[PDB]
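Undergrad:
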Amino acid sequence: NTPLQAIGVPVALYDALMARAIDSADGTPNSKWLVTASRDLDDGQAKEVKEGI
Amino acid sequence: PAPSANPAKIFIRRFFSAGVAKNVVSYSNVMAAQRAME
């Protein structure tokens, strides 16, 4: 007759949520500004635009 | 003192039967109390 009898569900749920958190912490790109040019930009001044940004 | 004649003979007549050793709690209640301990 121990408390460990009735906490299997919550401890498993806690571990599942924390594993999700760890996995999503590293793996989600942390970059902003998804900038996209067009398919007519003389790739070579697209690099110039990128360096400017 | 003790008169030995109570009015609860209403059930042993037919509603119950003597000399059978009936259990005190339904099995469903036992299982419910069991899984309610987890």
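From first to last, the protein sequence lines are chains A and B.
Read left to right, the first sequence gives residues 211 to 263 (full-length UniProt numbering).
Read left to right, the second sequence gives residues 16 to 53 (full-length UniProt numbering).
Backbone N, C-alpha and C fix where the C-beta goes; we use that ideal spot for every residue, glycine too.
1) Does A/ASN211 come out as helix, strand or coil in the three-state DSSP assignment?
2) Roughly how many whole angstroms lie between the Cα atoms of B/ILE25 and B/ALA33?
3) On the DSSP letters alone, give me the boundaries of the alpha helix (DSSP H) that B/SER43 sits inside.
4) Using the C-alpha atoms, what's the distance from A/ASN240 back to B/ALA51?
5) Secondary structure at B/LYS37, three-state DSSP: helix, strand or coil?
6) Could you check the C-alpha separation between A/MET228 and B/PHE31 for me, to the nearest Å?
TA: By the coordinates alone:
1) Along the first sequence, read from residue 1 onward, the residue named residue 211 of chain A stands at position 1. Judged by DSSP in its simplified three-state form, A/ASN211 adopts coil rather than helix or strand.
2) If you number the second sequence from 1, residue 25 of chain B lands on position 10. If you number the second sequence from 1, residue 33 of chain B lands on position 18. Approximately 13 Å between the Cα atoms of the pair.
3) The sequence position of residue 43 of chain B within the second sequence is 28, counting from 1. It spans 42–50 - the alpha helix (DSSP H) in which B/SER43 sits, taken as one unbroken run.
4) Here residue 51 of chain B corresponds to residue number 36 of the second sequence, with the count starting at 1. Here residue 240 of chain A corresponds to residue number 30 of the first sequence, with the count starting at 1. Distance between the alpha carbons of B/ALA51 and A/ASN240 is about 47 Å.
5) In the second sequence, the residue the question calls residue 37 of chain B occupies position 22. Looking at B/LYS37 - three-state DSSP - the assignment turns out to be coil, as it is neither helix nor strand.
6) Taking the first sequence and counting its residues from 1, the one referred to as residue 228 of chain A is at position 18. Taking the second sequence and counting its residues from 1, the one referred to as residue 31 of chain B is at position 16. Their backbone Cα atoms lie some 59 Å apart in a straight line.
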